[PDB]
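Engineer:
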Amino acid sequence: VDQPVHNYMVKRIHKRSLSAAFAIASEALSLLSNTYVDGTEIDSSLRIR
Amino acid sequence: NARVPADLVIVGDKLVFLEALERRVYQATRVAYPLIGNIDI
Amino acid sequence: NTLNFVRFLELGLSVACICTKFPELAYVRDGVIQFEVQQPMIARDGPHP
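Here the protein sequences line up with chains A, B and C, keeping their order.
Per the authors' numbering, the first sequence starts with residue 124, numbered consecutively.
Per the authors' numbering, the second sequence starts with residue 377, numbered consecutively.
Per the authors' numbering, the third sequence starts with residue 75, numbered consecutively.
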């Protein structure tokens, strides 16, 4: 004679990640830091670029 | 919900999607597409 | 007999080029074109740079 069975199963999570890089050059960093400002009509275009 | 252009096929008695994402994703990048895996014999 | 005159626009080959009129072509020493093409990026993890 048989009896009915109950099953208990437990799973767990698995952790991963994603990575992406983003670089700015030294000249653009010097333009964005508002250091050595001079000739405001010709450096504004470089800053906008 | 939003309306999206995507094809739907019927297999057996189930309505499934059929995506072949190779132009939307993995195009003009530096990564290799999966589902092109290798076998060893 | 009379000839059947061909115009280039009515031909099917006119779809393969962009014709444009330029009168001062004899003075042009060098003419250039420019392209700025960017590419997408996928994001991953693990033992990858």
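Where a beta carbon is used, it is the ideal one built from N, C-alpha and C, also for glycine.
Any idea what DSSP makes of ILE165/A, helix, strand or coil?
Structural biologist: On the first sequence, position 42 is the one that residue 165/A refers to. Three-state DSSP puts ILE165/A in coil, outside helix and strand.
Engineer: Judging by CA-CA distance, which residue of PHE82/C, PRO97/C, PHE96/C is the nearest neighbour of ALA90/C?
Structural biologist: The residue labelled residue 90/C in the question sits at position 16 within the third sequence. For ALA90/C, the closest alpha carbon among the candidates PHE82/C, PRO97/C, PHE96/C is that of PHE82/C.
Engineer: State yes or no: is the beta carbon of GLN113/C nearer than 9 Å to at least one beta carbon in chain B?
Structural biologist: Looking up residue 113/C in the third sequence gives position 39. Closer than 9 Å: yes.
Engineer: Mind checking who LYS390/B pairs with in its DSSP beta bridge?
Structural biologist: What you label residue 390/B is simply residue 14 of the second sequence in a count that begins at 1. Paired residue(s): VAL387/B.
Engineer: When the cut-off is 9 Å and only beta carbons count, does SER156/A lie next to chain C?
Structural biologist: For the purposes of this step, residue 156/A is taken as residue 33 along the first sequence, with counting starting at 1. For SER156/A, the answer is no, since every Cβ of chain C falls outside 9 Å of its Cβ.
Engineer: With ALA151/A as the anchor, note down where its alpha helix (DSSP H) starts and where it stops.
Structural biologist: Numbered from 1 along the first sequence, position 28 holds the residue referred to as residue 151/A. It spans 149–155 - the alpha helix (DSSP H) in which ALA151/A sits, taken as one unbroken run.
Engineer: By the 8 Å beta-carbon criterion, what residues does the segment 92–103 of chain C contribute toward chain A?
Structural biologist: Taking a C-beta cut-off of 8 Å against chain A, none of the residues of the segment 92–103 of chain C qualify.
Engineer: Closer than 9 Å, CB to CB, is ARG118/C near chain B or not?
Structural biologist: Position 44 of the third sequence holds residue 118/C. Yes, its Cβ sits closer than 9 Å to a Cβ of chain B.
Engineer: Examine the ligand ZN and report whether any of its heavy atoms sits within less than 8 Å of the Cβ of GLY105/C.
Structural biologist: You won't find the ligand ZN in this model; it holds no ligand whatsoever.
Engineer: Taking the alpha carbon of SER149/A as the point to measure from, which residue in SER142/A, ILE165/A, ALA143/A, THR158/A has its own alpha carbon closest?
Structural biologist: Walking along the first sequence from the start, residue 149/A turns up at place 26. Checked all of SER142/A, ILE165/A, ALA143/A, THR158/A; the closest Cα to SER149/A is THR158/A.
Engineer: Any idea which residues DSSP pairs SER142/A with across the strands?
Structural biologist: Locating residue 142/A in the first sequence gives position 19, where the first residue counts as 1. DSSP lists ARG118/C as partners of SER142/A.
Engineer: Classify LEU154/A: buried if its beta carbon has 16 or more other beta carbons within 10 angstroms, exposed otherwise.
Structural biologist: The sequence position of residue 154/A within the first sequence is 31, counting from 1. Buried: at least 16 other Cβ atoms inside 10 Å.
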